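Heads up, the thing below is written out as structure tokens.
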Amino acid sequence: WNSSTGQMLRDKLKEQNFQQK
Amino acid sequence: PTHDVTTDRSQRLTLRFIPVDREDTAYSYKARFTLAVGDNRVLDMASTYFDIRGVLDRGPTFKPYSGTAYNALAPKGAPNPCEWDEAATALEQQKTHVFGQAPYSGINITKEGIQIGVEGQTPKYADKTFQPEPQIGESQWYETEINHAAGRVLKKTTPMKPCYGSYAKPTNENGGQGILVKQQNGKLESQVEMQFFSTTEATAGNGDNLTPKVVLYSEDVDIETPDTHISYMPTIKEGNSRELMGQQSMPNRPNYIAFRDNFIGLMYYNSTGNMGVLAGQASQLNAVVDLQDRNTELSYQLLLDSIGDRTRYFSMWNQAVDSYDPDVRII
Amino acid sequence: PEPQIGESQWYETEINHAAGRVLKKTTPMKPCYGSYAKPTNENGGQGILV
Amino acid sequence: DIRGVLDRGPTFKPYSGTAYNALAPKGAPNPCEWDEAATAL
Amino acid sequence: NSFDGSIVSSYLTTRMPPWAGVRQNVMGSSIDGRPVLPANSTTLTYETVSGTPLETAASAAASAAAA
Amino acid sequence: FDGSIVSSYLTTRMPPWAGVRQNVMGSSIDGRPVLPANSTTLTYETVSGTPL
Amino acid sequence: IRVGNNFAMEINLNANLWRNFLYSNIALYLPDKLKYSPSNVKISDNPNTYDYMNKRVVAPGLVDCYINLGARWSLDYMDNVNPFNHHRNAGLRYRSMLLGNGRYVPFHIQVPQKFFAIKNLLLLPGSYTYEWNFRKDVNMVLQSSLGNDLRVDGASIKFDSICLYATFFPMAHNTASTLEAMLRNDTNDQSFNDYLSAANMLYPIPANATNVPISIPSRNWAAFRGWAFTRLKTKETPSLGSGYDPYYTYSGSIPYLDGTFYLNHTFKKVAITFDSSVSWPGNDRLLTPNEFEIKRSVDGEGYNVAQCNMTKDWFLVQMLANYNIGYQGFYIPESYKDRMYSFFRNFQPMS
Amino acid sequence: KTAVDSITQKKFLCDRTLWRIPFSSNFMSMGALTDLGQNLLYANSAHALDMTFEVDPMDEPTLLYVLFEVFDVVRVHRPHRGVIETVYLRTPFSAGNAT
Amino acid sequence: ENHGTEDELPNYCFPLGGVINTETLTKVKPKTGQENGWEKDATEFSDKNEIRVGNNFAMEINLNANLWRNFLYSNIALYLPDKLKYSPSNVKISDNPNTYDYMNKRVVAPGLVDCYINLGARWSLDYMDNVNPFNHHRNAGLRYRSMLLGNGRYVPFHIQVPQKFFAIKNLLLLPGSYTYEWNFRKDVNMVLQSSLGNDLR
Amino acid sequence: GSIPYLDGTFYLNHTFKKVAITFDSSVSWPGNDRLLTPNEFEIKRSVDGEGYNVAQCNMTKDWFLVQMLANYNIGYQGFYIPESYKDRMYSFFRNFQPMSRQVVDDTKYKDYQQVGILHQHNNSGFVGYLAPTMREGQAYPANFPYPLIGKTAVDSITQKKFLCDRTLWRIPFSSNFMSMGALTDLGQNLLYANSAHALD
Amino acid sequence: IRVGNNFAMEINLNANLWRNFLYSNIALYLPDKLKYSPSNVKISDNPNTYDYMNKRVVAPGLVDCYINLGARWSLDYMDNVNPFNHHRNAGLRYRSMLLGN
């Protein structure tokens, strides 16, 4: 757990839709 | 589909064109090729590429690994076990002081050094070369009296250095270090002296078994500090001194070296001085008219961004794209 | 005498003349962690003007 | 649809590291008393 | 310089000409690391080919002449 | 010493908007000294709290 | 037997790790003017040498664990420093490791053709000559996380042999012949256009300069498309024109070529004037109908948006030009329109 | 509780991007050839342009790079075997003297 | 999900001076003739030298377990329902169970959640199951806005808000003159969002 | 452990050297001299350089071309990263991994010393000897990693290899290696669909 | 009163943390021909028993922080070792924790 816990949490957040409809 | 797609006659897929003219220069390189296209096929120039190979010297200042490589776990101020000359005020008398450890716990000490073990009935003694290895030490946390101790310590000849990052290449397969200079026919004998010590309490032991309690094996290694620099030298003067004992090290800054993304700049683009030429060999009029106002590199960069995702790495074109860590740009 | 500057060498040197800063009994004790005291003089000292 | 009982066996361990006195030094002995031969002299 | 409070660039500027040694005057460097004096240095008026390595000392030629 | 004409290069029109000419210690409404335009402390907005 | 608790020592971990990361990855990359030379240690005289930037010390106090604490706010000194010249550059890391990890490295690489006229050209049968030139300038074809002048250090590159490879689709001879015949009419002629479709020009800016004028003589603006501009550090764009330009004593990113610009927030205003009298957008379109006010710092009429200091007009112009968004309410554009170099993806308000 | 008086600073970053000022009437991308580029006021008679950039001060010397976006087209033609003839063009900032 | 800590190797602190418990020793030379004889060194070699026998003094700490324990505590334990935490001793604590001071001075024993809770199990704690999970300092959505306004107590601000009513959020307003009055809310607890839910009012 | 025959997590997929296909003991299948080495496919080239290598690794250009064609039809119009949807998890380009490193040239180094594990001391004096036990020994400069950075970097040689896990090498039975349909054209000629054949 | 600086001890943090990652995540997965049998401790004769795979020890010196420094490399011994039979397997972790612990 070596980090700033910033972008790390936002990246954890990236598990959602993206490309199209 | 069955017919009218692929030919049946023996036809190759990839053609390798040997350069016809080539010219080296102190700062450039020109290659020329005779692109021949068969009489019944069409070549898509997009598949063409220049395959190169040669020697690349990254230079002394290429350190791709952040931090050190030698004795990293050691404290950044811990000095290597060393001896050094020092002005003596007792009675230019230059007495020497010794600072070092002794992790090895042997059985007995004689004038031949520590007795590592027994062989048959004859006592066996450690080799001057490597046998009191720095790594092997006592393996019991609770203190136990050691009546015979051994260890290695650099002579005053070798410059003193912090343990952090200090390294000296080995000389003999057994993992020792030690200048192998000899002044004789077999001019490769190791010059390792054994230094003996006893308790300061043992003074009036003349005739008494004033046995040496700790024996130190002295070396002279080719010490190096490859990737670290001193961050605090207490005294400007050179040589070895008690003052210099406190010097502290620090790893050198990381520094990566590689080719440009998409091999940018390796080919001469948008410079009419050195312009690529493509022309039908029957004539010779170049069909590539390039200006100095146009910027082909950036244009290809933006085009690649437009077509494909600019995050996947393709090692062939060296397509890895520069990017900073967002937690560094914005705190 | 300034909080941060001190002896550089870890090598013991048995200083014979030493100095430092200490809080008087007027100021309540508190622990180091978190302790803050606004500065008064431009040289960075904390102090208390009367 | 299956219902039943399985035994993962004694050699199942999903967590690395230990469960007890994890912070303790790996050489620190428990407070114990033992017997030994005595050379009372 | 009594704090001249004039606009730092009021005259018309001209597009930087794209060729060597006109972008700025800084101590340059050779291809292999030799230092190069700035563009506006006097000593760059002429040309210094400075081909240093002569042909190898023809002591073999002297011996051949002797023989 | 110098001995060259003051202005040989062509001279462009002064842009009309504020803070282009005469970089000096300006002053906001009701005192409040304001640093000149080419000072690095004017690359970002600086809004205060209570307007007193 | 021990009486009382066991002797032990304390150390904060997370704070220490945070300090280590902050120092290592920011404090060492401050502008050199904030660092000072060491004591009793010889240092290189040339400021571009690796040695100078390695043995130069920077006090940790400048950036400790308590800098702008609680705030998402880039440091002042760093937002002008190139951020790509950083040993955490993911692409640079990947490329450096891909080449290897030693000082002396043989290489066998394949270089594509980028010139737009022939980049996708469909060459027909015949005998064609093909010659190109390659640089051996280390400062130009190599990239260094520190930007130090490589050739001063002693980096060198040598070519052994260069060959050309081309792949032919084994098209059936009859169809290939028909296609060749059909592609040589006066009508079925191939065409291309450079993707940037530009005309780059550059203009010097003196140090500590505020205003930059520009003029073009009586051109004919037919089929003109639009403007596009940014700002570069002169210490870095390299003089493309000749061959070796001696003076390119820097080896980091090349925002003129790599496309990694970073000095785009230093612009304040842009004025456009045709025939020295008319302002181009000057049909009273913008709120300030004569300038493209990008960031107004002091002014507080209430024109900045995004809780930052970019004016509404400039934000609207960027959004319109990039995604045709702005006349029917702002909203995050789709990932399929916001590429990596698109405006929105790199817009970061701070406070 | 003992917080000191406050001030506020706001700035922004925008990297890897080029500021764009499209030469269109409504700034929208309604085509490769913008409508304003076809106006008789611009397509017929000559004009001259003056711009002005006001930029932040920096210690290092810097350069402004302006990129007049222009059409840039190449047409490749091939009458017979081993014959390539190309016709270049860059319409707004035309390049090349003729005869 | 407590996958445990990868603390196979031991981690050791060390004296910054290389070694501490040194022993003052004197160089001794072998005698002549007498095999077991030994005479102290008379040639110039300082008779007082510091040497360490055996391994160097050092202390141990399990880093990789301590990091996990700190994370677990700071991100779960302090967020347990108040009925588990006990009030401190000799410390003047607030009385309102919503004031930030009460939520800050309440001490929760680390034993409730330590390194060994549900070891190897992927299982949310039953207590935290009903507790609001968004009221947490790791809420990226909250943290982004909180830092966007700034890290100070006194924050001048400038915002833009949308119109969200479905009937006019997309109305194509034809030419004319219209009145467009709308209300706004001044209650702190409604327009501000806290990570702990403390009564801002 | 995972059962690559079932799970699909193949991992020993980078050890193949060459594959030779022969019909009726006389005819090699890619027999119209399509490949650079037309007699047989060359998956990875061993220590040998005469031009054939791609992607800064030890895979020959012909094999890379064949894989890319079989998986994405890329290759007759210049290589480029295929679309995301075509590059599924159990696909080729996703798991392609070229590597490289440098080690000490044991021959062209004037002072080489093959030091085994039993006698290399780094971080000496602060780690257990050959076992994760308490720290032991004395501090000392070290001797094992031979450096490859700085003025004292030793002479070096380069080793290149690659990994391609959870994937299958594919050799389509089509006249141009490209996927034109489920029923490949070469699979329905009146030479492989009329008379018998045998394969080696 | 204290004279001079305060007593203290030093420990490299990130270097030690990496040792662990390397060791605990790779060094234990080297092929058995490198690991050597322990001393004065029993061990199953069957080389497939969990006890054999656990009791057998592997020297940290094989893979410490200084292995192939700066090189994006895969250990030769590990090239042929199955990489999915590893306790970091995300799918295996999820499937094991789904049933319980």
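Chain labels follow the order of the structure tokens: the first chain is A, the next B, and so on; residue numbering restarts at 1 in every chain, and ligands are counted from 1 in their shown order.
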
Item to complete: Return the neighbours of chain K among the residues of chain C, cut-off 12 Å, counting only C-alpha atoms, as a count of residues only.
Response: 20

Item to complete: Would you mind listing what lies within 9 Å of range 138-143 of chain J as a ChimeraX atom specification, with only C-alpha atoms counted and same-chain residues fewer than 2 positions away left out?
Response: /B:70-71,74,78-81,100-104,133-137,151-153,161-170,175-177,223-224 /I:18,54-56 /J:115,119-126,136,145-146

Generate the output file for the selected residues, C-alpha atoms, as a PDB file, in the first residue's frame.
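So the final result, stored in again.pdb, reads:
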ATOM      1  CA  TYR B  70      24.494  -2.489  -2.813  1.00  0.00           C
ATOM      2  CA  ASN B  71      23.840  -2.778   0.926  1.00  0.00           C
ATOM      3  CA  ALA B  74      22.248  -0.793   5.596  1.00  0.00           C
ATOM      4  CA  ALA B  78      27.081   3.174   8.698  1.00  0.00           C
ATOM      5  CA  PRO B  79      30.786   3.109   7.782  1.00  0.00           C
ATOM      6  CA  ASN B  80      32.578   0.162   6.295  1.00  0.00           C
ATOM      7  CA  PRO B  81      34.781  -1.574   8.868  1.00  0.00           C
ATOM      8  CA  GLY B 100      35.057  -3.085  12.713  1.00  0.00           C
ATOM      9  CA  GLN B 101      33.060  -6.124  13.723  1.00  0.00           C
ATOM     10  CA  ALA B 102      33.643  -9.828  14.232  1.00  0.00           C
ATOM     11  CA  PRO B 103      30.555 -11.940  13.544  1.00  0.00           C
ATOM     12  CA  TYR B 104      32.278 -15.280  13.043  1.00  0.00           C
ATOM     13  CA  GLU B 133      32.934 -14.499   5.108  1.00  0.00           C
ATOM     14  CA  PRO B 134      31.077 -11.296   6.066  1.00  0.00           C
ATOM     15  CA  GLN B 135      27.666 -12.909   5.612  1.00  0.00           C
ATOM     16  CA  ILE B 136      27.973 -15.881   7.971  1.00  0.00           C
ATOM     17  CA  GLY B 137      27.502 -14.917  11.606  1.00  0.00           C
ATOM     18  CA  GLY B 151      35.923 -10.685  10.857  1.00  0.00           C
ATOM     19  CA  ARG B 152      37.144  -8.658   7.912  1.00  0.00           C
ATOM     20  CA  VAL B 153      38.268  -5.036   7.916  1.00  0.00           C
ATOM     21  CA  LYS B 161      33.281   4.739   2.162  1.00  0.00           C
ATOM     22  CA  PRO B 162      29.774   4.420   3.597  1.00  0.00           C
ATOM     23  CA  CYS B 163      28.372   0.915   3.653  1.00  0.00           C
ATOM     24  CA  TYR B 164      25.440   2.232   1.635  1.00  0.00           C
ATOM     25  CA  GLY B 165      26.258   1.405  -1.962  1.00  0.00           C
ATOM     26  CA  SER B 166      29.897   0.441  -1.457  1.00  0.00           C
ATOM     27  CA  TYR B 167      30.969  -2.473  -3.648  1.00  0.00           C
ATOM     28  CA  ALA B 168      34.213  -4.091  -4.759  1.00  0.00           C
ATOM     29  CA  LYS B 169      34.397  -6.676  -7.519  1.00  0.00           C
ATOM     30  CA  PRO B 170      35.361 -10.215  -6.474  1.00  0.00           C
ATOM     31  CA  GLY B 175      33.602 -14.735  -3.288  1.00  0.00           C
ATOM     32  CA  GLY B 176      36.354 -12.828  -1.713  1.00  0.00           C
ATOM     33  CA  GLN B 177      37.554  -9.481  -2.657  1.00  0.00           C
ATOM     34  CA  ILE B 223      36.152  -0.154  -3.534  1.00  0.00           C
ATOM     35  CA  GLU B 224      33.611   1.497  -5.824  1.00  0.00           C
TER      36      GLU B 224
ATOM     37  CA  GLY I  18      26.826   0.932  12.154  1.00  0.00           C
ATOM     38  CA  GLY I  54      29.073 -11.101  17.173  1.00  0.00           C
ATOM     39  CA  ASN I  55      26.091  -9.703  15.342  1.00  0.00           C
ATOM     40  CA  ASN I  56      25.126  -6.046  15.580  1.00  0.00           C
TER      41      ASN I  56
ATOM     42  CA  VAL J 115      30.363 -16.532  -7.735  1.00  0.00           C
ATOM     43  CA  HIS J 119      29.601 -16.841  -1.458  1.00  0.00           C
ATOM     44  CA  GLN J 120      27.886 -13.605  -2.553  1.00  0.00           C
ATOM     45  CA  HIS J 121      27.486 -11.057   0.218  1.00  0.00           C
ATOM     46  CA  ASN J 122      25.237  -8.092  -0.388  1.00  0.00           C
ATOM     47  CA  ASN J 123      23.335  -6.401   2.365  1.00  0.00           C
ATOM     48  CA  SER J 124      25.716  -8.318   4.322  1.00  0.00           C
ATOM     49  CA  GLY J 125      25.456  -8.099   7.924  1.00  0.00           C
ATOM     50  CA  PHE J 126      21.807  -7.203   7.716  1.00  0.00           C
ATOM     51  CA  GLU J 136      23.780 -12.042  10.867  1.00  0.00           C
ATOM     52  CA  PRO J 145      25.531  -7.716  -8.510  1.00  0.00           C
ATOM     53  CA  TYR J 146      28.058  -6.922 -11.209  1.00  0.00           C
TER      54      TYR J 146
END

Fill in: Residues of range 97-342 of chain G in alpha helix (DSSP H), written as a PyMOL selection string
chain G and resi 97-99+116-119+138-141+150-153+173-182+312-323

Discussion item. I'd like the neighbourhood of residue 28 in chain B as a VMD selection string, where a residue qualifies if any of its atoms comes within 10 Å (using only C-alpha atoms), though same-chain residues fewer than 5 positions away should be ignored.
Written reply: (chain B and resid 23 266 to 268 274) or (chain G and resid 133 to 137 243 to 244)

Discussion item. Give me, as a list in words, all polymer residues having an atom no more than 6 Å from range 45-58 of chain J, counting only C-alpha atoms and skipping those fewer than 2 positions away in the same chain.
Written reply: residues 315 and 316 of chain B; 108 and 109 of chain G; 60, 61, 98, 160 and 161 of chain J

Considering only C-alpha atoms, give me a table of residues in chain G that are at most 7 Å from chain E, with the closest atom pair and distance in Å for each, as JSON lines.
{"residue": "G:137", "atom": "CA", "partner": "E:31", "partner_atom": "CA", "distance": 6.6}
{"residue": "G:151", "atom": "CA", "partner": "E:33", "partner_atom": "CA", "distance": 4.9}
{"residue": "G:152", "atom": "CA", "partner": "E:33", "partner_atom": "CA", "distance": 4.3}
{"residue": "G:154", "atom": "CA", "partner": "E:33", "partner_atom": "CA", "distance": 6.6}
{"residue": "G:201", "atom": "CA", "partner": "E:15", "partner_atom": "CA", "distance": 6.6}
{"residue": "G:202", "atom": "CA", "partner": "E:15", "partner_atom": "CA", "distance": 5.4}
{"residue": "G:203", "atom": "CA", "partner": "E:15", "partner_atom": "CA", "distance": 4.5}
{"residue": "G:204", "atom": "CA", "partner": "E:16", "partner_atom": "CA", "distance": 6.3}
{"residue": "G:209", "atom": "CA", "partner": "E:8", "partner_atom": "CA", "distance": 5.0}
{"residue": "G:210", "atom": "CA", "partner": "E:8", "partner_atom": "CA", "distance": 6.1}
{"residue": "G:211", "atom": "CA", "partner": "E:9", "partner_atom": "CA", "distance": 5.6}
{"residue": "G:212", "atom": "CA", "partner": "E:9", "partner_atom": "CA", "distance": 6.1}
{"residue": "G:213", "atom": "CA", "partner": "E:12", "partner_atom": "CA", "distance": 5.6}
{"residue": "G:214", "atom": "CA", "partner": "E:12", "partner_atom": "CA", "distance": 6.2}
{"residue": "G:239", "atom": "CA", "partner": "E:19", "partner_atom": "CA", "distance": 5.7}
{"residue": "G:240", "atom": "CA", "partner": "E:18", "partner_atom": "CA", "distance": 6.3}
{"residue": "G:241", "atom": "CA", "partner": "E:19", "partner_atom": "CA", "distance": 4.3}
{"residue": "G:242", "atom": "CA", "partner": "E:19", "partner_atom": "CA", "distance": 5.3}
{"residue": "G:245", "atom": "CA", "partner": "E:20", "partner_atom": "CA", "distance": 5.0}
{"residue": "G:246", "atom": "CA", "partner": "E:28", "partner_atom": "CA", "distance": 5.5}
{"residue": "G:247", "atom": "CA", "partner": "E:28", "partner_atom": "CA", "distance": 4.6}
{"residue": "G:249", "atom": "CA", "partner": "E:28", "partner_atom": "CA", "distance": 6.5}

Atoms to include: N, CA and C atoms. Write the selected residues as a PDB file, in the first residue's frame.
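As a result, result_18.pdb now contains:
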ATOM      1  N   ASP G 137      22.496  11.783 -33.906  1.00  0.00           N
ATOM      2  CA  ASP G 137      22.599  12.714 -32.794  1.00  0.00           C
ATOM      3  C   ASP G 137      21.930  12.108 -31.569  1.00  0.00           C
ATOM      4  N   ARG G 151      25.415  13.978 -25.197  1.00  0.00           N
ATOM      5  CA  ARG G 151      26.699  13.897 -25.878  1.00  0.00           C
ATOM      6  C   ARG G 151      27.826  14.452 -25.024  1.00  0.00           C
ATOM      7  N   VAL G 152      27.517  15.350 -24.093  1.00  0.00           N
ATOM      8  CA  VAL G 152      28.527  15.748 -23.122  1.00  0.00           C
ATOM      9  C   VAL G 152      28.843  14.589 -22.189  1.00  0.00           C
ATOM     10  N   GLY G 154      28.539  11.311 -22.902  1.00  0.00           N
ATOM     11  CA  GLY G 154      29.277  10.299 -23.625  1.00  0.00           C
ATOM     12  C   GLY G 154      28.406   9.228 -24.239  1.00  0.00           C
ATOM     13  N   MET G 201       4.488  27.930 -37.554  1.00  0.00           N
ATOM     14  CA  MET G 201       5.398  29.026 -37.552  1.00  0.00           C
ATOM     15  C   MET G 201       5.758  29.195 -36.118  1.00  0.00           C
ATOM     16  N   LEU G 202       6.934  29.667 -35.796  1.00  0.00           N
ATOM     17  CA  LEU G 202       7.319  29.918 -34.427  1.00  0.00           C
ATOM     18  C   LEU G 202       7.776  31.358 -34.132  1.00  0.00           C
ATOM     19  N   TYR G 203       7.643  31.925 -32.941  1.00  0.00           N
ATOM     20  CA  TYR G 203       7.983  33.310 -32.678  1.00  0.00           C
ATOM     21  C   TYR G 203       8.686  33.428 -31.335  1.00  0.00           C
ATOM     22  N   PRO G 204       9.877  34.012 -31.303  1.00  0.00           N
ATOM     23  CA  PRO G 204      10.624  34.092 -30.048  1.00  0.00           C
ATOM     24  C   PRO G 204       9.969  35.038 -29.063  1.00  0.00           C
ATOM     25  N   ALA G 209       8.758  38.400 -20.493  1.00  0.00           N
ATOM     26  CA  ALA G 209       7.975  39.142 -21.465  1.00  0.00           C
ATOM     27  C   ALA G 209       6.494  38.910 -21.219  1.00  0.00           C
ATOM     28  N   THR G 210       5.699  39.949 -21.436  1.00  0.00           N
ATOM     29  CA  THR G 210       4.260  39.893 -21.232  1.00  0.00           C
ATOM     30  C   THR G 210       3.474  39.869 -22.526  1.00  0.00           C
ATOM     31  N   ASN G 211       3.826  40.727 -23.473  1.00  0.00           N
ATOM     32  CA  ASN G 211       3.077  40.907 -24.704  1.00  0.00           C
ATOM     33  C   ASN G 211       3.878  40.363 -25.875  1.00  0.00           C
ATOM     34  N   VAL G 212       3.182  39.790 -26.850  1.00  0.00           N
ATOM     35  CA  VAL G 212       3.829  39.242 -28.039  1.00  0.00           C
ATOM     36  C   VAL G 212       3.049  39.659 -29.277  1.00  0.00           C
ATOM     37  N   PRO G 213       3.554  40.587 -30.070  1.00  0.00           N
ATOM     38  CA  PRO G 213       2.842  40.978 -31.288  1.00  0.00           C
ATOM     39  C   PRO G 213       3.199  40.075 -32.450  1.00  0.00           C
ATOM     40  N   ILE G 214       2.400  40.114 -33.506  1.00  0.00           N
ATOM     41  CA  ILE G 214       2.588  39.249 -34.660  1.00  0.00           C
ATOM     42  C   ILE G 214       1.906  39.894 -35.852  1.00  0.00           C
ATOM     43  N   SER G 239      16.283  23.005 -33.351  1.00  0.00           N
ATOM     44  CA  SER G 239      16.362  23.615 -34.647  1.00  0.00           C
ATOM     45  C   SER G 239      16.359  22.624 -35.690  1.00  0.00           C
ATOM     46  N   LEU G 240      15.220  22.378 -36.260  1.00  0.00           N
ATOM     47  CA  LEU G 240      15.101  21.330 -37.221  1.00  0.00           C
ATOM     48  C   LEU G 240      15.859  21.468 -38.459  1.00  0.00           C
ATOM     49  N   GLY G 241      16.080  22.649 -38.922  1.00  0.00           N
ATOM     50  CA  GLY G 241      16.622  22.780 -40.241  1.00  0.00           C
ATOM     51  C   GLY G 241      17.891  22.214 -40.743  1.00  0.00           C
ATOM     52  N   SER G 242      18.914  22.222 -39.972  1.00  0.00           N
ATOM     53  CA  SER G 242      20.135  21.769 -40.489  1.00  0.00           C
ATOM     54  C   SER G 242      20.259  20.403 -40.056  1.00  0.00           C
ATOM     55  N   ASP G 245      22.614  20.390 -34.894  1.00  0.00           N
ATOM     56  CA  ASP G 245      22.483  21.740 -34.467  1.00  0.00           C
ATOM     57  C   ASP G 245      23.226  21.646 -33.259  1.00  0.00           C
ATOM     58  N   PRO G 246      24.293  22.308 -33.214  1.00  0.00           N
ATOM     59  CA  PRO G 246      25.085  22.098 -32.067  1.00  0.00           C
ATOM     60  C   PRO G 246      24.385  22.455 -30.891  1.00  0.00           C
ATOM     61  N   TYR G 247      23.620  23.479 -31.003  1.00  0.00           N
ATOM     62  CA  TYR G 247      23.030  23.966 -29.824  1.00  0.00           C
ATOM     63  C   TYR G 247      21.748  23.338 -29.385  1.00  0.00           C
ATOM     64  N   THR G 249      21.448  21.619 -26.390  1.00  0.00           N
ATOM     65  CA  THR G 249      21.896  21.031 -25.215  1.00  0.00           C
ATOM     66  C   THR G 249      20.808  20.668 -24.248  1.00  0.00           C
TER      67      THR G 249
END

Taking only C-alpha atoms into account, what are the residues of chain B at most 12 Å from chain E, put as a PDB file with C-alpha atoms, in the first residue's frame?
ATOM      1  CA  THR B  25      28.777  10.821 -41.580  1.00  0.00           C
ATOM      2  CA  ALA B  26      29.949  12.275 -38.290  1.00  0.00           C
ATOM      3  CA  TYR B  27      26.338  13.163 -37.490  1.00  0.00           C
ATOM      4  CA  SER B  28      24.045  11.611 -40.129  1.00  0.00           C
ATOM      5  CA  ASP B  57      25.997   3.190 -25.952  1.00  0.00           C
ATOM      6  CA  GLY B  59      26.722   6.273 -21.555  1.00  0.00           C
ATOM      7  CA  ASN B 270      10.669  18.230 -42.619  1.00  0.00           C
ATOM      8  CA  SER B 271      14.221  19.424 -43.280  1.00  0.00           C
ATOM      9  CA  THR B 272      14.823  20.125 -46.947  1.00  0.00           C
ATOM     10  CA  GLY B 273      18.564  19.863 -46.368  1.00  0.00           C
ATOM     11  CA  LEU B 291       8.878  21.974 -46.527  1.00  0.00           C
ATOM     12  CA  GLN B 292      10.272  23.296 -43.269  1.00  0.00           C
ATOM     13  CA  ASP B 293       6.885  24.710 -42.237  1.00  0.00           C
ATOM     14  CA  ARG B 294       5.105  21.356 -42.175  1.00  0.00           C
TER      15      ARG B 294
END

Residues near residue 27 in chain C, anyone? I mean within 12 Å using only C-alpha atoms, not counting same-chain ones fewer than 4 positions away, as a PDB file with N, CA, C and O atoms, in the first residue's frame.
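Once everything was written out, this is around-v9.pdb:
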ATOM      1  N   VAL C  22      13.795  25.540  25.904  1.00  0.00           N
ATOM      2  CA  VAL C  22      12.888  24.840  26.800  1.00  0.00           C
ATOM      3  C   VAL C  22      11.750  25.783  27.169  1.00  0.00           C
ATOM      4  O   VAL C  22      11.921  27.000  27.241  1.00  0.00           O
ATOM      5  N   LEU C  23      10.572  25.206  27.393  1.00  0.00           N
ATOM      6  CA  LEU C  23       9.378  25.967  27.729  1.00  0.00           C
ATOM      7  C   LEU C  23       9.283  26.183  29.233  1.00  0.00           C
ATOM      8  O   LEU C  23       9.535  25.265  30.020  1.00  0.00           O
ATOM      9  N   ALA C  37       2.980  26.654  17.642  1.00  0.00           N
ATOM     10  CA  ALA C  37       3.135  27.942  18.307  1.00  0.00           C
ATOM     11  C   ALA C  37       3.447  28.972  17.235  1.00  0.00           C
ATOM     12  O   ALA C  37       4.478  28.869  16.565  1.00  0.00           O
ATOM     13  N   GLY C  47       8.561  32.709  20.807  1.00  0.00           N
ATOM     14  CA  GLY C  47       8.529  33.848  21.720  1.00  0.00           C
ATOM     15  C   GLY C  47       7.202  34.345  22.239  1.00  0.00           C
ATOM     16  O   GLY C  47       6.177  33.867  21.805  1.00  0.00           O
ATOM     17  N   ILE C  48       7.184  35.333  23.120  1.00  0.00           N
ATOM     18  CA  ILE C  48       5.932  35.950  23.522  1.00  0.00           C
ATOM     19  C   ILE C  48       6.266  37.362  23.887  1.00  0.00           C
ATOM     20  O   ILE C  48       7.132  37.605  24.694  1.00  0.00           O
TER      21      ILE C  48
END

Worksheet entry | Selection near residue 96 in chain K, 12 Å with only C-alpha atoms, sequence-local residues under 4 positions removed, as a list in words | residues 8, 12, 13, 14 and 15 of chain D; 1, 3, 120, 121 and 122 of chain I; 87, 88, 89, 90, 91, 92, 100 and 101 of chain K

Practice prompt. Determine, counting only C-alpha atoms, which protein, DNA and RNA residues have an atom within 12 Å of an atom of range 10-16 of chain A; residues of the same chain fewer than 6 positions away are not included. Present the result as an MDAnalysis selection string.
Written response: (chainID A and resid 4) or (chainID B and resid 326:327) or (chainID I and resid 138:144)

Practice prompt. Go through B:269, B:313, B:99, B:65 one by one, measure the shortest atom-to-atom distance of each to chain K using only C-alpha atoms, and give the residue with the smallest value.
Written response: B:65

Worksheet entry | chain A contacts on chain G, only C-alpha atoms, 9 Å, as a ChimeraX atom specification | /G:14,17-18,21,334-336
